[PDB]
Structure formats: structure tokens, C-alpha cells
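> Sending over a structure as C-alpha cells; questions will come in a sec.
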Amino acid sequence: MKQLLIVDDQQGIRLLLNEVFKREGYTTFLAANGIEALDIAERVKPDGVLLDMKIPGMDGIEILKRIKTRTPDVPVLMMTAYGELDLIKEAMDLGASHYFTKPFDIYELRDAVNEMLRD
Ligand SMILES: [Mg+2]
């Protein structure tokens, strides 16, 4: 239906979030790093992006800047550990639509994503 790009270097989290959003009946794209995320975002033009804060090499803040530059109206929702307070503040200052604290609440994930691109 709608296209969700899910970006995290962690296989278990990619698969968990894939499961949550495939069950909500979304079309999903998985990326393990910024290169894959930006190549997919350029070709697929997804309806939304779930973006991990901490990714080796190009981290979630540098990915967010590159997504919000090319396509400023795509909602980007961050995924973060609960004490990356300064990264949460920077991502929100840079126009992130939401952030989710780990450990993820499955109901929060479903509901916030459904609201941010389902009417
Ligand atoms: Mg990570």
C-alpha cells in the first residue's frame, strides 16, 4: 500500500520493525546503512522513513539531513536509545517528525507511523 523505508545497522531490529509494518500491511524496504537508505530513498520515494540514530559510518543525523534536503515533505521518524538526549534534540531541530525510544512500544510504533502517513 504505502512505502516505508526502515534503516538500522542491527539485523534483529530491521526484522522486528519489518514484522510490525508488514502486519499493518505496508510495503517495506530495509537498509543496513546510509548508502543503501539514500539509494533506496532516491529510487523508491517512500511515504515514510524509520531511521536509527546510531549507524556506523554515516549516522542517523547525517542520513536525516540528506533525506530532508532531497525530499523535505517525507516524514522521517527516528529510533533512539533513551539517553541519546543531545541527538534526539538535534534530529528534532533538523525536522524529524517523531522519535521512538528503545525498547520500542509496538503500539506506539503502529499508531505514530499510521498517523504520520495514513491521513
Ligand atoms: Mg543502530
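Numbering-wise (this note's numbering), the sequence shown opens with residue 983 and increments by one. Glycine included, C-beta positions come from ideal geometry on N, C-alpha and C.
(1) Tell me which residue opens and which closes the beta strand (DSSP E) that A1078 is part of.
(2) Which one of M1060, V1095, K1027 has the shortest CA to CA distance from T1053?
(3) With DSSP as the reference, please indicate the residues paired to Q985 in a beta bridge.
(4) With burial defined as no fewer than 16 other Cβ atoms inside 10 Å of the residue's Cβ, what is the status of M1061: buried or exposed?
(5) At what residue ranges does the segment 1015-1075 contain a whole run of the beta strand (DSSP E), taking only runs of 3 or more?
Concretely, from the data shown:
(1) No beta strand (DSSP E) holds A1078; DSSP gives it neither H nor E.
(2) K1027
(3) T1009
(4) buried
(5) 1030-1034, 1058-1063
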